[PDB]
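A single chain comes next, written as structure tokens; it is the form deposited in one PDB entry.
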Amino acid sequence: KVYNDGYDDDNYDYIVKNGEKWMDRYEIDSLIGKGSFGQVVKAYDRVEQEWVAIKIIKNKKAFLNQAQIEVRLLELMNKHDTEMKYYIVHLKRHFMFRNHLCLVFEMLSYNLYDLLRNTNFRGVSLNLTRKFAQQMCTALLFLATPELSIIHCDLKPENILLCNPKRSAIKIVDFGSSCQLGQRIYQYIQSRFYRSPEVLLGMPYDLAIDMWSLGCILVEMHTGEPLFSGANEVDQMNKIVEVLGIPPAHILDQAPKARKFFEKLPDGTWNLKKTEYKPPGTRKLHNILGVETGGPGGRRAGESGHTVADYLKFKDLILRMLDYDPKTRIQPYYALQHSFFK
């Protein structure tokens, strides 16, 4: 009948209520998020005199244990002095309240998915995309700090938020699915649209999977539509092949899941299995971006900073972010050194 003395519901969530006062400090405003982990509420901190985002975890061992990993990752990031850490959302403090673990975060603004939505999925300029690009590449340089070596593992537009409605400052949220580099435990990771080929193929993976996702995201922000919108993994991989062609043979010769998407012919070469799709490597990024044709759908023709040279610098960077070889894929340091950010 009742759960946690009438404070919880069926799904172990805390029943949030407008204007509730927690610990004579936090004044609860309204619900602003929901997921497996639980809920995210907007609250006014009366001590610090500032709005905060309180992530209320479910009263369940499984979720609690996951939140404790996240706290440990966020606190470990807060230990470092570097100025790159401010592209990661800031854990202010955490506490237990009515058997729920509550993480207090700074109050950020709209996520980049709502930004796509606000454009009716037509995208944002190459100028704004440069600014997001440069900030994200710095955030990934930060996670790549040797002592951190953190893979965020679920990079997507909705997991990137603006600090302010009126600014192009962004921060990465949701480190729930994140872990530090190590021996492979998990194989079903990343949101499918932004899932890297090594994961799809089930090969060993490292921090390079976040860069693949970054490149998918940067093309989405500018064109307005996902670059690879697979309905399932077979569809996801075919859609990648459309743009980048067949993965090299030495890669497919290693992959546990090669034969889920491909077939090794008697000559030794690898080809797609049938299920539709353009032949391998004929949906050129050159044309998806509209390099020489005034951008995506010709909507950027005549707009400052959207010249043919500018598009060729954007294109080149993205192709280095979508390298099939994670060994050869562009690292965050060399990315910040790219002609596109001049």
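In this text, residue numbers run from 1 along the sequence as written.
The segment from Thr275 to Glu276 is interrupted, since 4 to 9 residues of the deposited sequence in that interval carry no coordinates. The stretch with the higher mean CA B factor, choosing between 17 to 25 and 329 to 337, is 17 to 25.
Look at the C-alpha B-factors of 241 to 249 and of 77 to 85. On average they run higher in 77 to 85. Across the residues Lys55, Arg283, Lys313, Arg46, the deposited record lists the maximum Cα B factor for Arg46. Which of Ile151, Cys216, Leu115, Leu201 has the largest Cα B-factor in the deposited entry comes down to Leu115. Annotation for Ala169: CA B-factor lies in the middle third of the chain's modelled residues.
Among the modelled residues of its chain, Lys131 has a C-alpha B-factor that falls in the lowest third according to the deposited record. In the PDB entry, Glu225 places in the middle third of its chain by CA B-factor.
In the PDB entry, a CA B factor belonging to the middle third of its chain's modelled residues is recorded for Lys156.
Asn120: CA B factor lies in the highest third for its chain, per the PDB record.
A second form of this protein, the form deposited in another entry, is not displayed here; the remarks below concern that form.
Put simply, the chain has two rigid parts that turn between the shown form and the other one, and the hinge between them is at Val89, picked from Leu31, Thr129, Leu319, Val89.
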